[PDB]
There are 2 protein chains.
Amino acid sequence: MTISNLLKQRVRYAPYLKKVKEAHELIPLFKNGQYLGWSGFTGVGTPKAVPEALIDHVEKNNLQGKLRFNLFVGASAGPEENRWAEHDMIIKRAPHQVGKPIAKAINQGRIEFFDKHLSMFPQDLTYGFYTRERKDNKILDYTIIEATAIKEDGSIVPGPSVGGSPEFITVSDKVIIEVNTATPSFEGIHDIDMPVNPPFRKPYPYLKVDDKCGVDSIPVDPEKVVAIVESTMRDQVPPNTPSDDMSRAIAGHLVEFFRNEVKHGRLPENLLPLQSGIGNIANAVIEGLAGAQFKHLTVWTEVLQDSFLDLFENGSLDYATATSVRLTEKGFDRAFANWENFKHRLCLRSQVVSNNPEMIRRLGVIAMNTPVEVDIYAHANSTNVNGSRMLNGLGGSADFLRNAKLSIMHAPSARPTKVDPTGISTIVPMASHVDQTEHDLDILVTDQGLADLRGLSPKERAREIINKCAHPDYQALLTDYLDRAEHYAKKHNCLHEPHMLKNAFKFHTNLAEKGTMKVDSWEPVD
Amino acid sequence: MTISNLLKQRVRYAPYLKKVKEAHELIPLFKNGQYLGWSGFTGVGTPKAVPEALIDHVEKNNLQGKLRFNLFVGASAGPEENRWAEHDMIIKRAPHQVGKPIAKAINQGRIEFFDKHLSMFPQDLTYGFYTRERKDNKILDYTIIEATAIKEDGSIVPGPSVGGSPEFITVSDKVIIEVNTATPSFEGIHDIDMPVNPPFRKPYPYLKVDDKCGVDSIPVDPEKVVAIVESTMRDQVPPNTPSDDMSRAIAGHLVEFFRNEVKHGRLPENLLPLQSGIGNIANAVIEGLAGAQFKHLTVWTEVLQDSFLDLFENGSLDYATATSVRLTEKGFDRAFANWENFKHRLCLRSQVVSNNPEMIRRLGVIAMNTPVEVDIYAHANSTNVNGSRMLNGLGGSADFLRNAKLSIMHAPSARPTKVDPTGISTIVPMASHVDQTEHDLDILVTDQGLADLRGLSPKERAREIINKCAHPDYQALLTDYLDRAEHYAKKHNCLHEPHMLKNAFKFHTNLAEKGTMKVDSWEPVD
């Protein structure tokens with residue numbers, strides 16, 4: 001606690017230097033059953049010192065399952081959140097997660113998990129919708145925010161992520177700040193909108209992706225802050241996965257579709273704001289757009305990667321707006337070697353603003369997200385495997401697909417199992433879990449083709465999806481199911497969206513019993 | 001032929017008097033396969049003269065099924081649309097309907113129907129999404145709009161409904177105007193927002209329910225208008241249905257919930273803008289709020305009834321915003337006997353503005369919709385019976401429920417069949433069709449109780465719904481299903497949202513085969 005000169009340089013508020021404490025000194029503040037808030041998004045910008053001290057305290061005193069907290073984070077946290085689920089330190093989690101231990105604990109009943117739209121989770125938290133049973137007029141007992149610098153008025157300058165930090169600071173009884181001295185200051189990128197509750201809300205004055213407010217810090221009450229912890233740990237982001245030829249085919253289909261749209265005037269020659277994120281398909285789509293001679297692109301998304309940095313360097317992309325930027329150490333070197341140019345080409349916003357239906361619908365964003373499965377009537381599954389197993393959470397996909405001008409979903413046509421190389425079909429008679437309904441989807445893309453579902457009736461949607469996106473091994477099965485359902489509905493005068501509820505989930509049951517969705521025969525229907 | 005003096009009084013644009021034509025004179029303009037746009041909403045304000053002329057022409061020349069149009073209307077049309085479906089004059093319909101012949105034709109495959117969010121249908125129509133196969137650079141061949149008066153610049157002053165009339169006028173090749181001289185002029189209560197497409201969109205400057213723009217007419221190109229038809233036929237609105245004791249119990253539960261919310265400060269003493277429309281339950285809820293001593297209420301909905309007029313008279317309600325006003329002839333007399341006091345407390349907007357996620361989320365609207373069925377995991381069905389039979393269309397329920405501060409769904413706990421007085425259960429193991437997901441719904445209300453689903457995991461949601469909203473005849477069945485699914489999921493480590501896909505739709509299959517959802521036993525699961 002020899003207040004390192006780096007720490008003195010980062011924090012410019014004199015009273016805050018009297019609230020400096022080590023991570024292990026904050027242990028008595030935390031008690032069982034408390035509601036905790038974390039800054040961060042998709043694993044970047046999350047606090048590390050205080051969670052590590054808490055884990056060490058739990059290990060030392062053998063408090064596994066006896067010292068647990070209701071953890072609220074803006075999005076998925078880093079490996080620190082995994083180690084809480086491994087030690088049973090979480091009672092409830094919301095609204096997103098990426099860890100494997102977290103998913104295993106949730107699916108084993110050890111953790112209660114509910115996922116929610118990323119634009120509405122902090123907003124509904126500010127309404128007190130999630131802390132109803134509290135009787136002491138509080139919402140969050142503590143918020144733990146990672147900062148890179150502190151302004152002269154005591155405000156907090158976030159790191160590579162904003163997330164729900166403004167709302168968390170708003171509705172927290174006490175605030176704990178980690179000043180990360182191992183990463184250079186991110187001052188100047190953030191455009192932070194402090195939440196205002198109705199009926200006192202005003203329109204967002206943003207007309208473009210680069211319109212700002214001038215507020216690059218989170219105003220926090222200096223009396224609320226109880227501790228300033230110096231953090232020297234850098235974010236751990238896995239290296240990106242190179243795109244494979246299933247992703248390149250998807251990207252080529254999407255690029256041809258975009259050229260056709262621009263040719264007909266339905267999109268401008270510079271396209272519209274895009275929201276592309278993490279995944280092999282997203283990188284492949286970005287590369288295909290880069291190689292398609294598209295210029296002056298704009299991005300209004302949740303997360304950026306190293307992929308968009310190449311666009312910045314080669315000039316295909318003009319400006320980018322995201323809740324968080326998620327890039328590796330070589331990305332750190334590339335960006336900070338060109339800090340001045342990087343600053344003027346990226347703006348970091350809160351997840352309530354980035355995923356807001358207002359901005360997405362006003363800007364005409366083009367949405368591209370990956371489903372677990374899409375049935376023949378364009379209802380998409382994003383969270384549950386076979387309707388029960390949580391994978392990651394809904395995230396911002398639901399916010400972006402309903403509001404976007406173009407709602408595009410890209411997925412592999414089929415996935416392998418232990419018995420059949422094409423044992424799982426992305427196109428099914430009926431999705432076991434519906435997250436994005438048929439009223440949100442516009443374009444469905446697989447490695448087999450592109451289905452244009454705009455202005456189509458359910459039977460037309462089914463025929464188009466089976467023809468274009470369905471794998472050749474499942475086209476016959478899906479066509480037979482649709483024909484039988486159409487005959488049955490003609491018998492029973494329900495031919496709008498024909499179905500056989502007796503046979504609807506037979507792919508999933510057949511996968512469970514035999515290891516492959518390829519059904520030998522359907523059960524007869526009267 | 002002579003032009004009516006009343007028509008002279010209503011139309012104030014001199015050139016338009018040279019385009020006055022009888023309804024039967026516009027027959028040659030209409031051809032098979034054309035895209036037609038109609039003004040109107042929920043059956044009020046729709047054109048009548050031209051559709052009746054078309055029906056008479058089809059009857060005279062026996063053109064049933066040979067003269068058909070792609071009909072696009074803002075919402076459900078009146079009885080005129082029923083006679084069109086009865087003669088097979090519709091190829092495609094969107095995005096909402098209420099007629100019984102229309103649903104019969106759609107479910108028999110005679111009409112292709114796709115439903116869409118009411119805030120997005122005119123927008124996506126202006127983008128050319130639904131006229132993708134046209135090669136002549138058009139969108140709508142004709143827009144048929146009913147008017148009550150015409151301003152001095154040739155603009156249209158709508159009637160009791162706005163709907164998608166601005167967008168339809170924007171994207172129409174030619175415009176046909178019916179000046180309804182049988183109804184008094186509705187001038188002054190309209191707030192028309194002319195559509196602007198990205199990237200040229202600006203925020204809506206509305207902060208309150210009564211914030212206006214000053215544009216009370218729809219601007220049209222005077223050269224686009226080809227005919228002015230005099231209409232003397234009034235809207236045929238059915239009398240309202242008195243509330244019954246299942247709806248009064250629902251209203252009492254909702255009133256107690258609102259009192260509790262105001263007591264805890266989660267709602268202001270004057271509440272927030274409400275979204276209540278047609279139906280016995282909506283009238284019951286309005287009456288319950290009136291008798292609950294709530295004052296200075298505000299309404300931001302789609303449709304008003306004659307019920308809200310009582311609130312206007314007794315002072316419980318201050319201002320109301322809706323796309324259309326749908327009230328009976330006695331209501332017409334009551335409102336226009338006090339036209340000055342009724343003009344100053346109602347504003348009619350376009351359905352793109354009324355159902356916009358931006359305004360709904362900014363104003364903190366309280367949404368109240370009626371689902372067909374809700375499963376134990378809060379996925380609500382609003383359109384399809386048993387997953388196939390179209391009832392009415394999604395409408396604006398999806399727009400309000402996701403964006404509203406409070407998302408409330410109220411439905412009867414059970415419905416009778418020919419064999420069992422409680423043969424249909426609104427609470428089912430799994431919904432055969434998902435329109436509103438678990439990420440949108442907050443409150444579920446039946447005549448048995450109120451389920452508060454804010455911040456609950458799927459198993460907690462299931463327990464709460466079965467305890468509060470499930471009918472006593474189905475509580476045992478739902479509890480047994482949930483327990484078996486929980487055991488099965490514990491066996492295979494999918495305990496987040498446990499399900500038995502083999503038994504998920506057994507309620508509906510048992511209803512089909514035996515006439516009641518009360519299943520004797522479940523199929524075993526390994």
# chains A, B, ... in the order shown; residues from 1 in each chain; ligands from 1

call {"tool": "interface_residues", "arguments": {"of": "chain A", "to": "chain B", "cutoff": "6 Å", "atoms": "only C-alpha atoms", "output": "ChimeraX atom specification"}}
result
/A:107-109,112-114,116,129-130,198-199,201,358,362,364,388-389,439,454-455,457,493-498

call {"tool": "select_by_dssp", "arguments": {"residues": "stretch 102-252 of chain A", "states": "helix (DSSP H, G or I)", "output": "JSON, numbers by chain"}}
result
{"A": [102, 103, 104, 105, 106, 107, 121, 122, 123, 124, 125, 126, 165, 166, 167, 168, 169, 170, 247, 248, 249, 250, 251, 252]}

call {"tool": "write_last_selection", "arguments": {"atoms": "N, CA, C and O atoms", "output": "CSV table (one decimal), in the first residue's frame"}}
result
chain,number,residue,atom,x,y,z
A,102,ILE,N,-20.1,-22.7,-15.2
A,102,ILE,CA,-21.3,-22.0,-14.9
A,102,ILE,C,-22.5,-22.8,-15.5
A,102,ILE,O,-23.5,-23.0,-14.9
A,103,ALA,N,-22.3,-23.2,-16.8
A,103,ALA,CA,-23.4,-23.9,-17.5
A,103,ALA,C,-23.7,-25.2,-16.8
A,103,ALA,O,-24.9,-25.6,-16.7
A,104,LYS,N,-22.7,-25.9,-16.4
A,104,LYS,CA,-22.8,-27.2,-15.7
A,104,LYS,C,-23.5,-27.0,-14.4
A,104,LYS,O,-24.4,-27.8,-14.0
A,105,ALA,N,-23.2,-26.0,-13.6
A,105,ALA,CA,-23.8,-25.7,-12.3
A,105,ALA,C,-25.3,-25.3,-12.5
A,105,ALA,O,-26.1,-25.7,-11.8
A,106,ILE,N,-25.6,-24.5,-13.6
A,106,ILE,CA,-26.9,-24.1,-13.8
A,106,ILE,C,-27.8,-25.3,-14.2
A,106,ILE,O,-28.9,-25.5,-13.7
A,107,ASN,N,-27.2,-26.2,-15.1
A,107,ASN,CA,-28.0,-27.3,-15.6
A,107,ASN,C,-28.1,-28.4,-14.6
A,107,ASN,O,-28.9,-29.4,-14.8
A,121,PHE,N,-32.2,-5.7,-19.0
A,121,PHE,CA,-31.8,-6.1,-17.7
A,121,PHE,C,-31.3,-5.0,-16.7
A,121,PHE,O,-31.8,-5.0,-15.6
A,122,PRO,N,-30.4,-4.1,-17.1
A,122,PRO,CA,-30.1,-3.0,-16.2
A,122,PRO,C,-31.2,-2.1,-15.9
A,122,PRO,O,-31.4,-1.6,-14.8
A,123,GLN,N,-32.0,-1.9,-17.0
A,123,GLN,CA,-33.2,-1.0,-16.8
A,123,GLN,C,-34.2,-1.6,-15.8
A,123,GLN,O,-34.7,-0.9,-14.9
A,124,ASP,N,-34.5,-2.8,-16.0
A,124,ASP,CA,-35.5,-3.5,-15.0
A,124,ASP,C,-34.9,-3.6,-13.7
A,124,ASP,O,-35.6,-3.6,-12.7
A,125,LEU,N,-33.5,-3.7,-13.6
A,125,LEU,CA,-32.9,-3.8,-12.3
A,125,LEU,C,-33.0,-2.4,-11.6
A,125,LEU,O,-33.2,-2.4,-10.4
A,126,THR,N,-32.9,-1.3,-12.3
A,126,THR,CA,-33.1,0.0,-11.7
A,126,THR,C,-34.6,0.2,-11.3
A,126,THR,O,-34.8,1.1,-10.4
A,165,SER,N,-22.6,-0.8,-16.1
A,165,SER,CA,-22.0,-0.1,-15.1
A,165,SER,C,-22.7,1.2,-14.7
A,165,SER,O,-22.8,1.5,-13.5
A,166,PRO,N,-23.2,2.0,-15.6
A,166,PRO,CA,-24.0,3.2,-15.2
A,166,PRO,C,-25.2,2.9,-14.3
A,166,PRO,O,-25.3,3.5,-13.2
A,167,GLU,N,-26.0,1.9,-14.7
A,167,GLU,CA,-27.2,1.6,-13.9
A,167,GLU,C,-26.7,1.0,-12.5
A,167,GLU,O,-27.3,1.2,-11.5
A,168,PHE,N,-25.7,0.1,-12.6
A,168,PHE,CA,-25.2,-0.5,-11.3
A,168,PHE,C,-24.7,0.5,-10.4
A,168,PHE,O,-25.0,0.5,-9.2
A,169,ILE,N,-24.0,1.6,-10.8
A,169,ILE,CA,-23.6,2.6,-10.0
A,169,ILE,C,-24.8,3.4,-9.5
A,169,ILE,O,-24.8,3.9,-8.3
A,170,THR,N,-25.8,3.6,-10.3
A,170,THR,CA,-27.0,4.3,-9.9
A,170,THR,C,-27.7,3.6,-8.7
A,170,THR,O,-28.1,4.3,-7.8
A,247,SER,N,-18.1,-21.6,-42.8
A,247,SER,CA,-18.3,-20.2,-42.5
A,247,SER,C,-18.0,-19.3,-43.8
A,247,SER,O,-18.7,-18.3,-44.0
A,248,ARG,N,-17.0,-19.7,-44.6
A,248,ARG,CA,-16.7,-18.9,-45.8
A,248,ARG,C,-17.9,-19.1,-46.8
A,248,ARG,O,-18.2,-18.1,-47.5
A,249,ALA,N,-18.5,-20.2,-46.9
A,249,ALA,CA,-19.7,-20.4,-47.7
A,249,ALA,C,-20.8,-19.5,-47.2
A,249,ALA,O,-21.5,-18.8,-48.1
A,250,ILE,N,-21.0,-19.5,-45.9
A,250,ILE,CA,-22.1,-18.6,-45.4
A,250,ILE,C,-21.8,-17.1,-45.7
A,250,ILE,O,-22.7,-16.4,-46.1
A,251,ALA,N,-20.5,-16.7,-45.6
A,251,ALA,CA,-20.1,-15.4,-45.8
A,251,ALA,C,-20.3,-15.0,-47.3
A,251,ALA,O,-20.7,-13.9,-47.6
A,252,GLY,N,-20.0,-16.0,-48.2
A,252,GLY,CA,-20.2,-15.7,-49.6
A,252,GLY,C,-21.7,-15.6,-50.0
A,252,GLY,O,-22.0,-14.7,-50.8

call {"tool": "residues_around", "arguments": {"residues": "residue A:78", "least_positions_apart": "3", "cutoff": "12 Å", "atoms": "only C-alpha atoms", "output": "VMD selection string"}}
result
chain A and resid 38 to 48 51 to 52 73 to 75 81 to 85 96 to 102 234 to 238 326

call {"tool": "select_by_dssp", "arguments": {"residues": "stretch 282-432 of chain B", "states": "strand (DSSP E or B)", "output": "MDAnalysis selection string"}}
result
chainID B and resid 297:300 303:304 317:322 324:325 346:350 366:369 373:375 380:381 384:385 389:390 406:410 414:415 424:425 427:428

call {"tool": "closest_residue", "arguments": {"among": "B:274, B:55, B:118, B:337", "to": "residue B:393", "atoms": "only C-alpha atoms"}}
result
B:118

call {"tool": "residues_around", "arguments": {"residues": "residue B:233", "least_positions_apart": "5", "cutoff": "9 Å", "atoms": "only C-alpha atoms", "output": "PDB file with C-alpha atoms, in the first residue's frame"}}
result
ATOM      1  CA  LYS B  48     -66.530   1.074 -48.061  1.00  0.00           C
ATOM      2  CA  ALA B  49     -67.722   2.436 -51.420  1.00  0.00           C
ATOM      3  CA  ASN B 180     -67.103  10.228 -45.568  1.00  0.00           C
ATOM      4  CA  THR B 181     -69.865  12.838 -45.379  1.00  0.00           C
ATOM      5  CA  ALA B 182     -72.075  10.734 -43.083  1.00  0.00           C
ATOM      6  CA  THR B 183     -69.730  11.200 -40.110  1.00  0.00           C
TER       7      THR B 183
END

call {"tool": "atom_distance", "arguments": {"atom1": "atom CA of residue B:148", "atom2": "atom CA of residue B:187"}}
result
7.8 Å

call {"tool": "closest_residue", "arguments": {"among": "A:178, A:333, A:25, A:523", "to": "residue A:230", "atoms": "only C-alpha atoms"}}
result
A:178

call {"tool": "residues_around", "arguments": {"residues": "residue A:445", "least_positions_apart": "5", "cutoff": "9 Å", "atoms": "only C-alpha atoms", "output": "JSON, numbers by chain"}}
result
{"A": [250, 253, 254, 408, 409, 410, 411, 412, 413, 450, 451, 452, 468, 469]}

call {"tool": "write_last_selection", "arguments": {"atoms": "N, CA and C atoms", "output": "CSV table (one decimal), in the first residue's frame"}}
result
chain,number,residue,atom,x,y,z
A,250,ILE,N,-21.0,-19.5,-45.9
A,250,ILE,CA,-22.1,-18.6,-45.4
A,250,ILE,C,-21.8,-17.1,-45.7
A,253,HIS,N,-22.5,-16.4,-49.4
A,253,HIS,CA,-24.0,-16.2,-49.6
A,253,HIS,C,-24.4,-14.9,-49.1
A,254,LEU,N,-24.0,-14.5,-47.9
A,254,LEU,CA,-24.4,-13.2,-47.4
A,254,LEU,C,-23.9,-12.0,-48.2
A,408,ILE,N,-31.0,-11.2,-40.0
A,408,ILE,CA,-30.3,-12.3,-40.7
A,408,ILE,C,-29.8,-13.3,-39.6
A,409,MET,N,-30.0,-14.6,-39.8
A,409,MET,CA,-29.5,-15.5,-38.9
A,409,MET,C,-28.7,-16.6,-39.7
A,410,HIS,N,-27.5,-16.9,-39.3
A,410,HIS,CA,-26.6,-17.8,-40.0
A,410,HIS,C,-26.2,-18.9,-39.1
A,411,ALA,N,-26.3,-20.1,-39.5
A,411,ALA,CA,-26.0,-21.3,-38.7
A,411,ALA,C,-25.5,-22.4,-39.7
A,412,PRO,N,-24.8,-23.4,-39.2
A,412,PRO,CA,-24.5,-24.6,-40.0
A,412,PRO,C,-25.7,-25.3,-40.4
A,413,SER,N,-25.7,-26.0,-41.5
A,413,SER,CA,-26.9,-26.7,-42.0
A,413,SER,C,-27.1,-28.0,-41.1
A,450,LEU,N,-29.5,-19.5,-49.1
A,450,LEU,CA,-30.0,-18.4,-48.4
A,450,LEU,C,-31.5,-18.4,-48.6
A,451,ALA,N,-32.3,-18.3,-47.5
A,451,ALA,CA,-33.7,-18.3,-47.5
A,451,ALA,C,-34.2,-16.9,-47.2
A,452,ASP,N,-35.0,-16.3,-48.1
A,452,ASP,CA,-35.5,-14.9,-48.0
A,452,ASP,C,-37.0,-15.1,-47.5
A,468,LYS,N,-33.8,-24.2,-49.5
A,468,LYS,CA,-32.5,-23.5,-49.5
A,468,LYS,C,-31.6,-23.9,-48.4
A,469,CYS,N,-32.0,-23.9,-47.1
A,469,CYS,CA,-31.1,-24.0,-46.0
A,469,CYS,C,-31.0,-25.4,-45.4
